[PDB]
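Encoded as structure tokens, the structure appears first; notes follow it.
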Amino acid sequence: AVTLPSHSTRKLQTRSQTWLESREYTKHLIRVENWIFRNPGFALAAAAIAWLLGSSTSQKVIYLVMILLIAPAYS
Amino acid sequence: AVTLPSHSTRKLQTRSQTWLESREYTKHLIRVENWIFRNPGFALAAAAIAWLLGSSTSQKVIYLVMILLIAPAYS
Amino acid sequence: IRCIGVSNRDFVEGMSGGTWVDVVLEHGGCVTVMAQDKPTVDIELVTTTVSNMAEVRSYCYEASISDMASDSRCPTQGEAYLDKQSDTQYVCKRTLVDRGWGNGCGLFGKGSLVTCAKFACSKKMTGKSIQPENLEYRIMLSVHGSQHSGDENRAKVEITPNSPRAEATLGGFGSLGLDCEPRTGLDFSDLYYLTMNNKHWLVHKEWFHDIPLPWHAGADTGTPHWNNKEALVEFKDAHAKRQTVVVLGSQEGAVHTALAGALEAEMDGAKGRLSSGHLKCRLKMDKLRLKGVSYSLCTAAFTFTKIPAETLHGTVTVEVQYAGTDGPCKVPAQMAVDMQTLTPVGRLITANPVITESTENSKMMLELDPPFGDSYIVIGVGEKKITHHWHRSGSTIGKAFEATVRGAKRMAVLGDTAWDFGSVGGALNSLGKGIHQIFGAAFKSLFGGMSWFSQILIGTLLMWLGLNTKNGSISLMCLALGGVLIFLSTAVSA
Amino acid sequence: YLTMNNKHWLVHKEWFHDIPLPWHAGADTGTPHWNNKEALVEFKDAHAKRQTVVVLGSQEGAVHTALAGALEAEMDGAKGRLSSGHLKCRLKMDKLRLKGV
Amino acid sequence: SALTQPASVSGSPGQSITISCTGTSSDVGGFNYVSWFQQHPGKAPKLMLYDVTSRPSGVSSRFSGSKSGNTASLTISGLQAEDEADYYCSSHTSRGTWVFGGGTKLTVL
């Protein structure tokens with residue numbers, strides 16, 4: 001099983017609506033949320049880690065975005 | 001559908017065999033790879049993007065790992 | 001007609017010296033075309049039918065395991081045989097049972113057994129594939145004229161990739177004569193129909209060749225030899241107690257879930273039918289001619305049948321009885337800012353408005369665009385006539401401005417192969433086409449790999465680069481790309 | 001403790017409440033009232049005109065995939081044999097004899 | 001349902017008749033769907049309406065339809081006498097089904 005491919009990495013662009021375009025995006029976000037709703041601790045660790053790299057202020061925030069987004073989705 | 005939760009975000013730790021521990025940990029990796037084998041272009045764009053942030057050398061490589069891992073899974 | 005109100009509808013500028021135009025059409029919306037007193041006509045994509053399809057591979061989304069057994073040979077007896085690893089559909093995974101005296105063997109350690117359970121399938125999903133041949137379109141024609149509900153002004157045109165010109169003949173005036181290009185359609189030769197059970201949708205040859213499930217090859221005679229099988233039938237054991245061979249259920253929820261970009265089709269008895277193509281058929285003209293251009297002006301009473309209408313695409317539609325005088329005459333209408341009638345402003349989207357024939361009332365429905373203000377539709381009798389007041393909305397750039405976003409999505413979905421709506425740019429279009437054909441490659445490849453939430457963040461990230469950078473080369477970068485991405489996102493269906 | 005058809009599993013409440021299915025409330029049947037129903041059916045409106053109702057089909061296997069790392073469990077009518085597990089015990093050797101020393 | 005239509009009527013030739021069919025907002029009011037179906041007793045019904053005001057081509061231009069609120073009025077004048085065919089009003093409801101009025105016995109005296 002573990003059907004990997006998500007057809008949206010391709011999709012097709014056309015006048016008519018694709019299969020699950022709505023269900024799709026909201027879904028991608030709502031997955032991340034009740035991921036982090038169940039692990040605030042990882043928001044702490046991810047916070048300290050990210051804020052430890054780059055020294056430059058904002059990318060810091062880029063590191064937090066990268067890390068909060070990769071933990072639930074792939075892994 | 002699109003059942004979000006993947007039980008491995010918790011698992012259970014016991015001497016006994018978990019459900020799909022083997023085909024689990026890999027099907028993660030093999031999902032990332034073809035996903036990458038079908039879009040080398042995104043390796044180019046991700047390369048240039050990452051290498052434009054952080055100026056610090058090895059921070060760059062962290063950005064490419066950041067981005068190559070974020071694209072196939074977390075949309 | 002049949003193009004009024006459907007929205008999703010661009011109207012073309014005109015012939016412009018070529019007796020010819022480049023119109024792209026697709027399953028939804030029409031394109032009404034009006035030029036230099038040639039009758040205004042509109043054509044929709046309808047259904048693009050593909051027939052005569054092959055079968056390129058198959059997947060079994062269900063599984064039925066059977067027959068089990070086991071090995072149980074001792075340690076340092078070498079290997080366990082059990083003969084099924086010889087026969088072809090019985091999956092085997094050899095594991096090592098650390099084996100004790102309960103079983104009864106001389107040494108102790110990894111015991112080398114495998115249960116080989118006989119695979120089986122039910123309800124395979126077929127990957128049926130197509131090529132540009134055995135394709136088709138069946139385009140439809142409109143030609144407002146004067147009708148309402150109904151040959152004369154509606155002619156269907158079958159269009160195949162091997163005969164890409166339309167000889168389309170109309171009662172009362174000359175043929176349209178459109179010349180299609182079906183061979184570059186929506187990147188075919190990459191959609192292969194995917195059938196699960198009594199539903200069908202296109203998918204490319206990447207999502208479709210990437211699936212982990214069993215392969216199966218071309219046909220199902222008897223029962224097929226299933227390639228792979230590792231994906232279904234996952235079996236492992238702990239405590240070194242034989243083997244647990246698990247079925248792994250069915251994957252319909254997975255494949256349905258894994259396809260978010262797949263245009264859904266409908267399919268009956270082969271004749272695989274589709275829905276959302278984009279076709280180039282470029283209307284040739286000069287064979288179109290107004291009907292009855294004279295007919296005097298035709299005079300008598302007029303009574304509005306229906307309170308007229310206002311379309312969402314800047315139109316007002318009117319039906320009229322003409323109170324019964326003469327035959328095949330002609331009745332004018334005007335958009336008059338002044339007085340009851342007087343000067344004519346705005347434009348008639350339908351041309352040569354005409355009465356059909358004979359007794360009492362013949363309704364002439366007329367697509368009219370009032371001026372951006374509020375006028376008084378005028379029905380045409382020099383004196384006795386009914387009228388209205390239409391208050392069309394906006395401030396020039398008001399609606400012309402929105403035009404700037406519709407055009408965005410015109411070549412947002414279609415891509416640059418959507419430059420053509422605009423006819424015969426010649427030395428000029430080339431610039432528009434050559435610009436994004438050189439670009440269509442890169443962007444289709446750099447973020448071709450991206451999906452909807454993908455290109456949102458990458459858009460945001462590049463934008464955040466474009467604001468904080470050095471001088472020069474990347475001074476303008478984000479607006480060159482990140483904006484493009486966050487736009488293609490908010491574009492499409494939106 | 002989690003049932004499917006026969007194979008039974010153990011999973012987190014944290015995982016088990018987060019499944020996007022039309023939960024039920026399991027109090028009783030007689031007329032099962034399905035909360036949601038939206039998640040498992042999808043209304044696909046055609047772009048030109050009209051609306052279609054389309055099932056998402058059996059999601060069964062996908063739920064097997066989501067169970068990666070459960071516990072493999074065995075059931076019977078009044079228990080459901082639980083493998084795996086661990087215990088903690090203070091083993092009191094006070095009363096013993098070497099038998100026939 | 002069951003479109004309200006009155007049982008029966010009559011008058012001198014040439015004289016105007018109006019048969020008004022009263023529906024609800026579900027069908028006659030919120031739609032242009034109407035039909036009046038001349039049904040010759042013993043024979044098959046036919047069309048004598050089409051989208052209200054208009055007519056099929058083989059219609060005696062005699063006939064005239066109209067609508068207000070919930071109404072369907074088939075107003076005939078210049079009667080040729082031999083034009084009493086039970087008139088039934090029918091329309092497309094919102095739910096996607098068609099309903100045919102109680103019908104009007106037409107009385108030619």
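By order in the structure tokens, chains are A, B, ...; within a chain, residues start at 1; ligands start at 1, following the order shown.
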
Cut-off 8 Å: closest chain D/chain C atom pairs per residue, using only C-alpha atoms, as a Markdown table:
| residue | atom | partner | partner_atom | distance |
| --- | --- | --- | --- | --- |
| D:47 | CA | C:28 | CA | 6.6 |
| D:48 | CA | C:28 | CA | 4.8 |
| D:56 | CA | C:253 | CA | 6.3 |
| D:57 | CA | C:252 | CA | 5.8 |
| D:58 | CA | C:253 | CA | 5.3 |
| D:59 | CA | C:253 | CA | 3.5 |
| D:60 | CA | C:250 | CA | 5.8 |
| D:61 | CA | C:250 | CA | 4.6 |
| D:62 | CA | C:254 | CA | 5.1 |
| D:64 | CA | C:248 | CA | 6.6 |

Go ahead and write the selection's residues with C-alpha atoms as a compact mmCIF listing (two decimals), in the first residue's frame.
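Saved the output as result25.txt:
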# COMPACT_ATOMS: atom_id res chain seq x y z
CA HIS D 47 -18.44 23.86 -14.70
CA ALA D 48 -20.93 24.58 -17.49
CA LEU D 56 -15.40 8.53 -2.29
CA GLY D 57 -15.73 4.75 -2.41
CA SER D 58 -14.43 2.38 0.21
CA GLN D 59 -11.72 4.13 2.17
CA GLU D 60 -10.91 0.85 3.88
CA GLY D 61 -7.32 0.26 2.90
CA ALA D 62 -6.28 3.86 3.36
CA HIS D 64 -4.97 0.43 7.09

- Task: Go through stretch 7-108 of chain E and collect every residue that DSSP, computed from the backbone, puts in strand (DSSP E or B); the answer should be as number ranges by chain.
- Result: E: 8-9, 17-22, 35-39, 45-47, 64-66, 72-76, 86-92, 98-100, 104-106

Next, dump the selected residues to file, keeping only C-alpha atoms, as a short mmCIF file (atom, residue, chain, number, x, y, z; two decimals), in the first residue's frame.
data_model
loop_
_atom_site.label_atom_id
_atom_site.label_comp_id
_atom_site.auth_asym_id
_atom_site.auth_seq_id
_atom_site.Cartn_x
_atom_site.Cartn_y
_atom_site.Cartn_z
CA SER E 8 -65.27 24.31 -16.97
CA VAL E 9 -66.49 27.39 -19.13
CA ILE E 17 -62.05 33.36 -22.86
CA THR E 18 -59.31 33.31 -20.23
CA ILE E 19 -58.47 30.16 -18.29
CA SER E 20 -56.15 31.03 -15.45
CA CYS E 21 -54.04 28.38 -13.77
CA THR E 22 -52.86 29.17 -10.28
CA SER E 35 -47.87 24.59 -20.89
CA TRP E 36 -51.49 24.49 -21.97
CA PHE E 37 -52.35 21.20 -23.56
CA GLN E 38 -55.35 21.00 -25.84
CA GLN E 39 -56.55 17.43 -25.37
CA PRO E 45 -53.17 15.72 -26.29
CA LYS E 46 -51.20 18.39 -28.11
CA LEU E 47 -49.10 21.51 -27.56
CA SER E 64 -52.44 33.95 -26.05
CA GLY E 65 -50.64 33.11 -22.82
CA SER E 66 -49.83 35.37 -19.87
CA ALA E 72 -51.23 30.96 -16.09
CA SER E 73 -53.80 32.57 -18.37
CA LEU E 74 -54.61 31.14 -21.78
CA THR E 75 -56.73 33.85 -23.38
CA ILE E 76 -58.39 32.94 -26.66
CA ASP E 86 -59.98 19.94 -22.46
CA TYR E 87 -57.35 22.46 -21.59
CA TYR E 88 -54.78 21.26 -19.05
CA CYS E 89 -52.11 23.57 -17.63
CA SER E 90 -48.79 21.95 -16.75
CA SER E 91 -45.45 23.27 -15.58
CA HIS E 92 -42.02 22.19 -14.40
CA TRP E 98 -43.91 18.16 -13.85
CA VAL E 99 -47.48 18.67 -12.65
CA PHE E 100 -50.59 18.98 -14.78
CA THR E 104 -60.51 22.98 -17.83
CA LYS E 105 -63.46 21.45 -19.58
CA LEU E 106 -64.08 24.00 -22.30
#

- Task: Please identify every residue of chain C that has at least one atom no more than 10 Å from any atom of chain B, counting only C-alpha atoms, and report them as a PyMOL selection string.
- Result: chain C and resi 206-207+210+212+230-231+234-239+253-254+256-258+442-458+461-462+465+469

Writer output for current selection, N, CA and C atoms, as a short mmCIF file (atom, residue, chain, number, x, y, z; two decimals), in the first residue's frame:
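Written out: result_8.cif:
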data_model
loop_
_atom_site.label_atom_id
_atom_site.label_comp_id
_atom_site.auth_asym_id
_atom_site.auth_seq_id
_atom_site.Cartn_x
_atom_site.Cartn_y
_atom_site.Cartn_z
N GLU C 206 2.51 9.92 -15.16
CA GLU C 206 3.46 9.97 -14.05
C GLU C 206 2.78 9.52 -12.78
N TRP C 207 1.73 10.22 -12.38
CA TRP C 207 0.91 9.66 -11.33
C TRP C 207 0.50 8.24 -11.65
N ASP C 210 3.46 5.77 -11.46
CA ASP C 210 4.17 5.79 -10.20
C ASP C 210 3.52 4.92 -9.13
N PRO C 212 2.32 2.20 -6.55
CA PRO C 212 2.99 1.00 -6.03
C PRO C 212 2.24 -0.30 -6.26
N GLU C 230 3.95 -6.80 -3.68
CA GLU C 230 4.47 -6.49 -2.36
C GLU C 230 3.61 -5.46 -1.66
N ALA C 231 2.98 -4.57 -2.42
CA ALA C 231 2.25 -3.47 -1.81
C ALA C 231 1.07 -4.00 -1.01
N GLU C 234 0.95 -7.59 3.01
CA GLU C 234 2.10 -7.28 3.85
C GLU C 234 2.08 -8.23 5.03
N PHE C 235 3.13 -9.04 5.18
CA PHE C 235 3.15 -10.02 6.25
C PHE C 235 4.49 -10.04 6.96
N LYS C 236 4.44 -9.93 8.28
CA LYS C 236 5.59 -9.99 9.16
C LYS C 236 5.14 -10.59 10.48
N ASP C 237 6.10 -11.04 11.28
CA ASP C 237 5.78 -11.66 12.56
C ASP C 237 6.84 -11.33 13.59
N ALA C 238 6.41 -11.30 14.84
CA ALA C 238 7.27 -11.13 16.00
C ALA C 238 6.98 -12.24 17.00
N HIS C 239 7.87 -12.36 17.99
CA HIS C 239 7.92 -13.47 18.93
C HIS C 239 8.35 -14.76 18.25
N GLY C 253 -10.29 4.21 -1.42
CA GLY C 253 -10.15 5.45 -0.68
C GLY C 253 -8.77 6.03 -0.92
N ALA C 254 -7.78 5.18 -1.11
CA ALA C 254 -6.45 5.70 -1.38
C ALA C 254 -6.39 6.32 -2.77
N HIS C 256 -8.81 7.19 -4.96
CA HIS C 256 -9.66 8.37 -4.92
C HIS C 256 -8.99 9.52 -4.18
N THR C 257 -8.33 9.23 -3.07
CA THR C 257 -7.67 10.29 -2.32
C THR C 257 -6.44 10.79 -3.05
N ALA C 258 -5.73 9.90 -3.73
CA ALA C 258 -4.47 10.28 -4.34
C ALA C 258 -4.64 11.08 -5.62
N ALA C 442 10.25 26.86 -18.84
CA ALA C 442 10.88 26.96 -17.53
C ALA C 442 9.84 26.90 -16.43
N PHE C 443 8.92 27.84 -16.43
CA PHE C 443 7.95 27.78 -15.39
C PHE C 443 7.17 26.48 -15.31
N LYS C 444 6.85 25.88 -16.44
CA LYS C 444 6.17 24.59 -16.38
C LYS C 444 7.01 23.51 -15.71
N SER C 445 8.32 23.73 -15.70
CA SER C 445 9.26 22.80 -15.08
C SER C 445 9.80 23.12 -13.69
N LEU C 446 10.11 24.40 -13.46
CA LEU C 446 10.57 24.83 -12.14
C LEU C 446 9.56 24.66 -10.98
N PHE C 447 8.34 25.10 -11.25
CA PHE C 447 7.23 24.92 -10.32
C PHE C 447 6.12 24.09 -10.96
N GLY C 448 6.50 23.32 -11.98
CA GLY C 448 5.56 22.49 -12.71
C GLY C 448 5.34 21.43 -11.66
N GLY C 449 6.44 21.15 -10.98
CA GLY C 449 6.44 20.24 -9.86
C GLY C 449 5.61 20.63 -8.65
N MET C 450 4.92 21.77 -8.68
CA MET C 450 4.33 22.34 -7.48
C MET C 450 2.84 22.11 -7.63
N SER C 451 2.16 22.01 -6.49
CA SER C 451 0.70 22.01 -6.44
C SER C 451 0.20 23.25 -5.73
N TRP C 452 -1.09 23.29 -5.35
CA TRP C 452 -1.69 24.52 -4.78
C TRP C 452 -1.16 25.15 -3.47
N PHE C 453 -0.92 24.37 -2.42
CA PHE C 453 -0.32 24.91 -1.21
C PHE C 453 1.18 24.99 -1.36
N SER C 454 1.74 24.12 -2.20
CA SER C 454 3.11 24.26 -2.63
C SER C 454 3.36 25.67 -3.14
N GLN C 455 2.69 26.05 -4.22
CA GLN C 455 3.04 27.30 -4.88
C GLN C 455 2.60 28.50 -4.06
N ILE C 456 1.64 28.35 -3.16
CA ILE C 456 1.48 29.41 -2.17
C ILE C 456 2.72 29.77 -1.37
N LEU C 457 3.26 28.81 -0.62
CA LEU C 457 4.47 29.12 0.14
C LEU C 457 5.70 29.53 -0.69
N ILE C 458 5.91 28.84 -1.81
CA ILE C 458 7.07 29.18 -2.61
C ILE C 458 6.81 30.60 -3.07
N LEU C 461 7.63 32.79 -0.17
CA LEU C 461 9.06 32.84 0.09
C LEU C 461 9.82 33.72 -0.89
N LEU C 462 9.60 33.51 -2.19
CA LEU C 462 10.28 34.33 -3.19
C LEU C 462 9.91 35.79 -3.03
N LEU C 465 11.98 37.18 -0.58
CA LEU C 465 13.30 37.48 -1.10
C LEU C 465 13.30 38.81 -1.84
N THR C 469 17.07 42.06 -0.61
CA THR C 469 18.10 41.50 -1.47
C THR C 469 19.11 42.62 -1.64
#

Interface rows for chain E against chain C: nearest pair, Å to one decimal, 8 Å, only C-alpha atoms, as JSON lines:
{"residue": "E:53", "atom": "CA", "partner": "C:305", "partner_atom": "CA", "distance": 6.7}
{"residue": "E:54", "atom": "CA", "partner": "C:363", "partner_atom": "CA", "distance": 7.7}
{"residue": "E:61", "atom": "CA", "partner": "C:360", "partner_atom": "CA", "distance": 6.6}

Using only N, CA, C and O atoms, please write the residues we just selected to a file, as a PDB file, in the first residue's frame.
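And here's again_1.pdb as it stands now:
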ATOM      1  N   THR E  53     -45.980  33.039 -23.556  1.00  0.00           N
ATOM      2  CA  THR E  53     -46.379  33.847 -24.704  1.00  0.00           C
ATOM      3  C   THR E  53     -46.149  33.223 -26.078  1.00  0.00           C
ATOM      4  O   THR E  53     -46.963  33.419 -26.982  1.00  0.00           O
ATOM      5  N   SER E  54     -45.047  32.536 -26.292  1.00  0.00           N
ATOM      6  CA  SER E  54     -44.847  32.009 -27.633  1.00  0.00           C
ATOM      7  C   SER E  54     -45.728  30.836 -27.987  1.00  0.00           C
ATOM      8  O   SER E  54     -46.440  30.324 -27.136  1.00  0.00           O
ATOM      9  N   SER E  61     -53.029  31.229 -34.232  1.00  0.00           N
ATOM     10  CA  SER E  61     -52.407  32.397 -33.623  1.00  0.00           C
ATOM     11  C   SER E  61     -53.519  32.900 -32.727  1.00  0.00           C
ATOM     12  O   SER E  61     -53.314  33.886 -32.014  1.00  0.00           O
TER      13      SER E  61
END

- Task: Using only C-alpha atoms, determine which residues of chain D fall within 9 Å of chain B; present them as number ranges by chain.
- Result: D: 9, 11-12, 14-16, 18-21, 39-41, 56, 59, 62-63, 65-72, 83-86

- Item | Surrounding residues of residue E:14 excluding itself and chain neighbours under 3 positions, 7 Å, only C-alpha atoms, as a ChimeraX atom specification | /E:77-79

I need the chosen residues saved as a compact mmCIF listing (two decimals), in the first residue's frame, with C-alpha atoms.
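Written out: again-v8.txt:
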# COMPACT_ATOMS: atom_id res chain seq x y z
CA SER E 77 -60.30 35.31 -28.93
CA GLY E 78 -61.81 35.20 -32.39
CA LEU E 79 -63.14 31.76 -31.62

- Message: Which residues are close to residue B:60, i.e. within 10 Å by only C-alpha atoms, leaving aside same-chain residues fewer than 3 positions away? Reply as a PyMOL selection string.
- Response: chain B and resi 47-57+63-66

Might you pull out every residue within 9 Å of stretch 30-43 of chain C, with only C-alpha atoms counted and same-chain residues fewer than 6 positions away left off, and present them as a PDB file with N, CA and C atoms, in the first residue's frame?
ATOM      1  N   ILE C   1     -27.915  33.125 -28.451  1.00  0.00           N
ATOM      2  CA  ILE C   1     -28.595  31.838 -28.362  1.00  0.00           C
ATOM      3  C   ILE C   1     -27.689  30.777 -27.746  1.00  0.00           C
ATOM      4  N   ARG C   2     -28.208  30.080 -26.739  1.00  0.00           N
ATOM      5  CA  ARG C   2     -27.472  29.027 -26.041  1.00  0.00           C
ATOM      6  C   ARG C   2     -26.078  29.480 -25.613  1.00  0.00           C
ATOM      7  N   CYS C   3     -25.808  30.772 -25.765  1.00  0.00           N
ATOM      8  CA  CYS C   3     -24.531  31.327 -25.400  1.00  0.00           C
ATOM      9  C   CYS C   3     -24.875  32.505 -24.513  1.00  0.00           C
ATOM     10  N   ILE C   4     -26.154  32.888 -24.495  1.00  0.00           N
ATOM     11  CA  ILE C   4     -26.530  34.002 -23.644  1.00  0.00           C
ATOM     12  C   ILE C   4     -26.667  33.506 -22.214  1.00  0.00           C
ATOM     13  N   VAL C   6     -24.756  31.986 -20.231  1.00  0.00           N
ATOM     14  CA  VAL C   6     -23.895  30.897 -19.775  1.00  0.00           C
ATOM     15  C   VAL C   6     -22.638  31.420 -19.104  1.00  0.00           C
ATOM     16  N   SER C   7     -22.379  32.709 -19.210  1.00  0.00           N
ATOM     17  CA  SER C   7     -21.193  33.393 -18.712  1.00  0.00           C
ATOM     18  C   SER C   7     -19.970  32.677 -19.267  1.00  0.00           C
ATOM     19  N   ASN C   8     -18.877  32.695 -18.512  1.00  0.00           N
ATOM     20  CA  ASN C   8     -17.639  32.026 -18.889  1.00  0.00           C
ATOM     21  C   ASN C   8     -17.280  32.337 -20.344  1.00  0.00           C
ATOM     22  N   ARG C   9     -17.750  33.474 -20.859  1.00  0.00           N
ATOM     23  CA  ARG C   9     -17.888  33.694 -22.293  1.00  0.00           C
ATOM     24  C   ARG C   9     -17.166  34.957 -22.712  1.00  0.00           C
ATOM     25  N   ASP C  10     -16.136  34.801 -23.524  1.00  0.00           N
ATOM     26  CA  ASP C  10     -15.472  35.916 -24.171  1.00  0.00           C
ATOM     27  C   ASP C  10     -16.151  36.124 -25.516  1.00  0.00           C
ATOM     28  N   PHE C  11     -16.111  37.387 -25.941  1.00  0.00           N
ATOM     29  CA  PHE C  11     -16.584  37.875 -27.228  1.00  0.00           C
ATOM     30  C   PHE C  11     -15.313  38.416 -27.900  1.00  0.00           C
ATOM     31  N   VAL C  12     -15.125  38.023 -29.161  1.00  0.00           N
ATOM     32  CA  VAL C  12     -13.989  38.430 -29.992  1.00  0.00           C
ATOM     33  C   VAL C  12     -14.154  39.809 -30.638  1.00  0.00           C
ATOM     34  N   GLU C  13     -13.031  40.462 -30.926  1.00  0.00           N
ATOM     35  CA  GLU C  13     -13.028  41.788 -31.546  1.00  0.00           C
ATOM     36  C   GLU C  13     -13.606  41.881 -32.968  1.00  0.00           C
ATOM     37  N   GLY C  14     -13.280  40.919 -33.829  1.00  0.00           N
ATOM     38  CA  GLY C  14     -13.767  40.938 -35.203  1.00  0.00           C
ATOM     39  C   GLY C  14     -12.845  40.255 -36.202  1.00  0.00           C
ATOM     40  N   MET C  15     -13.193  40.321 -37.488  1.00  0.00           N
ATOM     41  CA  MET C  15     -12.381  39.695 -38.527  1.00  0.00           C
ATOM     42  C   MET C  15     -11.041  40.386 -38.761  1.00  0.00           C
ATOM     43  N   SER C  16     -11.077  41.708 -38.895  1.00  0.00           N
ATOM     44  CA  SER C  16      -9.886  42.532 -39.077  1.00  0.00           C
ATOM     45  C   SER C  16      -9.078  42.075 -40.293  1.00  0.00           C
ATOM     46  N   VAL C  23      -9.925  31.665 -32.410  1.00  0.00           N
ATOM     47  CA  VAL C  23     -10.788  31.537 -31.246  1.00  0.00           C
ATOM     48  C   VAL C  23     -10.520  30.203 -30.574  1.00  0.00           C
ATOM     49  N   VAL C  24     -10.170  30.249 -29.318  1.00  0.00           N
ATOM     50  CA  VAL C  24     -10.054  29.050 -28.507  1.00  0.00           C
ATOM     51  C   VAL C  24     -11.343  28.840 -27.749  1.00  0.00           C
ATOM     52  N   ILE C 139     -18.588  20.012 -32.069  1.00  0.00           N
ATOM     53  CA  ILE C 139     -18.813  21.406 -31.726  1.00  0.00           C
ATOM     54  C   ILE C 139     -20.211  21.818 -32.172  1.00  0.00           C
ATOM     55  N   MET C 140     -20.752  22.869 -31.564  1.00  0.00           N
ATOM     56  CA  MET C 140     -22.101  23.339 -31.858  1.00  0.00           C
ATOM     57  C   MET C 140     -22.032  24.771 -32.362  1.00  0.00           C
ATOM     58  N   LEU C 141     -23.065  25.238 -33.072  1.00  0.00           N
ATOM     59  CA  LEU C 141     -23.098  26.622 -33.603  1.00  0.00           C
ATOM     60  C   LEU C 141     -24.334  27.448 -33.171  1.00  0.00           C
ATOM     61  N   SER C 142     -24.182  28.772 -33.024  1.00  0.00           N
ATOM     62  CA  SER C 142     -25.302  29.630 -32.573  1.00  0.00           C
ATOM     63  C   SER C 142     -25.967  30.662 -33.528  1.00  0.00           C
ATOM     64  N   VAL C 143     -25.218  31.649 -34.032  1.00  0.00           N
ATOM     65  CA  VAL C 143     -25.769  32.644 -34.982  1.00  0.00           C
ATOM     66  C   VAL C 143     -27.068  33.371 -34.564  1.00  0.00           C
ATOM     67  N   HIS C 144     -27.060  34.037 -33.411  1.00  0.00           N
ATOM     68  CA  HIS C 144     -28.259  34.668 -32.877  1.00  0.00           C
ATOM     69  C   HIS C 144     -29.390  34.919 -33.852  1.00  0.00           C
ATOM     70  N   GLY C 145     -29.181  35.797 -34.819  1.00  0.00           N
ATOM     71  CA  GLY C 145     -30.272  36.116 -35.721  1.00  0.00           C
ATOM     72  C   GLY C 145     -31.494  36.503 -34.921  1.00  0.00           C
ATOM     73  N   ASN C 153     -30.242  28.194 -37.744  1.00  0.00           N
ATOM     74  CA  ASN C 153     -29.080  28.790 -37.050  1.00  0.00           C
ATOM     75  C   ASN C 153     -28.302  27.916 -36.056  1.00  0.00           C
ATOM     76  N   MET C 285     -14.208  33.119 -42.186  1.00  0.00           N
ATOM     77  CA  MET C 285     -15.383  33.879 -42.516  1.00  0.00           C
ATOM     78  C   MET C 285     -15.472  34.176 -43.981  1.00  0.00           C
ATOM     79  N   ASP C 286     -16.327  35.122 -44.366  1.00  0.00           N
ATOM     80  CA  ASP C 286     -16.425  35.644 -45.722  1.00  0.00           C
ATOM     81  C   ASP C 286     -17.387  34.670 -46.378  1.00  0.00           C
ATOM     82  N   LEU C 288     -19.837  33.789 -44.325  1.00  0.00           N
ATOM     83  CA  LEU C 288     -20.998  34.208 -43.551  1.00  0.00           C
ATOM     84  C   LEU C 288     -21.608  35.472 -44.131  1.00  0.00           C
ATOM     85  N   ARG C 289     -22.932  35.519 -44.158  1.00  0.00           N
ATOM     86  CA  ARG C 289     -23.623  36.648 -44.749  1.00  0.00           C
ATOM     87  C   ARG C 289     -24.918  36.897 -43.999  1.00  0.00           C
ATOM     88  N   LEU C 290     -25.242  38.171 -43.791  1.00  0.00           N
ATOM     89  CA  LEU C 290     -26.484  38.516 -43.117  1.00  0.00           C
ATOM     90  C   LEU C 290     -27.660  38.015 -43.926  1.00  0.00           C
ATOM     91  N   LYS C 291     -28.749  37.708 -43.245  1.00  0.00           N
ATOM     92  CA  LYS C 291     -29.943  37.233 -43.912  1.00  0.00           C
ATOM     93  C   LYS C 291     -30.898  38.395 -44.113  1.00  0.00           C
ATOM     94  N   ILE C 349     -25.062  43.574 -29.916  1.00  0.00           N
ATOM     95  CA  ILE C 349     -24.291  42.341 -29.975  1.00  0.00           C
ATOM     96  C   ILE C 349     -24.863  41.378 -30.996  1.00  0.00           C
ATOM     97  N   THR C 350     -26.146  41.481 -31.308  1.00  0.00           N
ATOM     98  CA  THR C 350     -26.750  40.737 -32.401  1.00  0.00           C
ATOM     99  C   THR C 350     -26.859  41.690 -33.575  1.00  0.00           C
ATOM    100  N   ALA C 351     -26.729  41.160 -34.783  1.00  0.00           N
ATOM    101  CA  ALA C 351     -26.713  42.015 -35.956  1.00  0.00           C
ATOM    102  C   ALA C 351     -27.836  41.659 -36.918  1.00  0.00           C
ATOM    103  N   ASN C 352     -28.267  42.668 -37.665  1.00  0.00           N
ATOM    104  CA  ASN C 352     -29.400  42.574 -38.577  1.00  0.00           C
ATOM    105  C   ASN C 352     -30.622  41.978 -37.883  1.00  0.00           C
TER     106      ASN C 352
END

- Item | Shell around residue C:332 at 9 Å using only C-alpha atoms, local window under 5 positions removed, as an MDAnalysis selection string | chainID C and resid 297:298 352:354 378:381

- Identify all residues of chain D in helix (DSSP H, G or I) (DSSP on the backbone) and supply them as a PyMOL selection string. chain D and resi 13-16+60-66

Write the residues of the selection above to a file with C-alpha atoms, as a compact mmCIF listing (two decimals), in the first residue's frame.
# COMPACT_ATOMS: atom_id res chain seq x y z
CA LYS D 13 -7.39 8.53 21.45
CA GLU D 14 -5.27 11.39 20.10
CA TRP D 15 -5.09 9.53 16.82
CA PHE D 16 -8.53 8.02 16.98
CA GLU D 60 -10.91 0.85 3.88
CA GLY D 61 -7.32 0.26 2.90
CA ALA D 62 -6.28 3.86 3.36
CA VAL D 63 -7.30 3.39 6.97
CA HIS D 64 -4.97 0.43 7.09
CA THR D 65 -2.16 2.69 5.88
CA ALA D 66 -2.96 5.30 8.51
